[PDB]
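One chain comes next, on its own, written out as structure tokens in the form deposited in one PDB entry.
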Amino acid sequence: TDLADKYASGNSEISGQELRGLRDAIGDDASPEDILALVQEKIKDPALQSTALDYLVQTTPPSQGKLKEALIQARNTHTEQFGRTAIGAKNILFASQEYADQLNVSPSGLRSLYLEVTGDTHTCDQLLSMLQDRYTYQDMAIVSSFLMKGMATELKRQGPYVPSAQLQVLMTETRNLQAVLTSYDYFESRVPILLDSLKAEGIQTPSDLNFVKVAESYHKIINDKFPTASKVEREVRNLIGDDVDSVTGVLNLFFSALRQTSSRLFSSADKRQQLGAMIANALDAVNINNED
């Protein structure tokens, strides 16, 4: 097996064939411009192109000093062209493919998502919002794992197109996202039960009330720089209305969620307890203020 197979091995998006096909397509007198043209023809994905170019520069012996210098110049040019779009996406090729498979989505889409995520600072919230409309919560968890994997990958690669500092922050934020998704899943299973049980006894809950709204409300509470029991109850009442059993249900649910929520999502363990205390206090307030 040659470099092309090394490149193609485990790489669900490049075959050793197309790489060899590319190297074979590039003549010894290929100008840097010629090289890029060919690479571009066979490979639309800048990541895969850059991959191809690496392959090409690398599969080219120094005997072909002019070609390699051309390929080097081509790749230098391609890299100059795409910078991170090529190099960053290239850096996380395998990751994108792994998770594309699990998600049954396109790896390139994931790399695009990834470059998107890594092309700028992104907070957890921004990541969640960036992902929610794109993925089921189940899949967001998977995507988050992907993002993490890709950034980890790039930080290890370094290079003038790895915004190393930036990726670090992004990974922090993506870990936060994962924590959030787990929390959302918590709510996914329990909210319906709560609402159905309320319903069974003729307690009407907002029909559009679902775990996400519940979870969202839950995470506003814990992300609140200045949460209170009143804010919590209010958050819950805003969420499910005022039926004592409903509010109690949700607060109970939030209370239970708190124990389950990742420490990442709290500035400290103290903050979690503080929130739990707030929720417990909310629960008390509900029953206290209950009349039925």
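Position 1 is the first residue in the sequence shown; the rest follow in order. Just so we're on the same page, rigid core means the largest C-alpha set that superposes within 1.5 Å between forms.
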query: Average Cα temperature factor in the PDB entry - higher stretch of 196-204, 209-217; finding: 196-204
query: Mean C-alpha B-factor comparison - 40-48 and 247-255, higher one; finding: 40-48
query: Maximum C-alpha temperature factor, selected from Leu67, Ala229, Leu53, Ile240; finding: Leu67
query: Chain-wide C-alpha B factor ranking for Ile26, given as lowest, middle or highest third; finding: highest
query: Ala269 - Cα temperature factor, lowest/middle/highest third of chain; finding: highest
query: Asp34 - Cα temperature factor, lowest/middle/highest third of chain; finding: highest
query: Within-chain third of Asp101 by Cα B-factor, per the entry; finding: highest
query: Chain-wide C-alpha B factor ranking for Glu173, given as lowest, middle or highest third; finding: middle
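Unshown form deposited in another entry; subsequent notes refer to it.
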property: Displaced residue check between the shown form and the other one: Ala47, CA, 2 Å or over, core reference; result: no
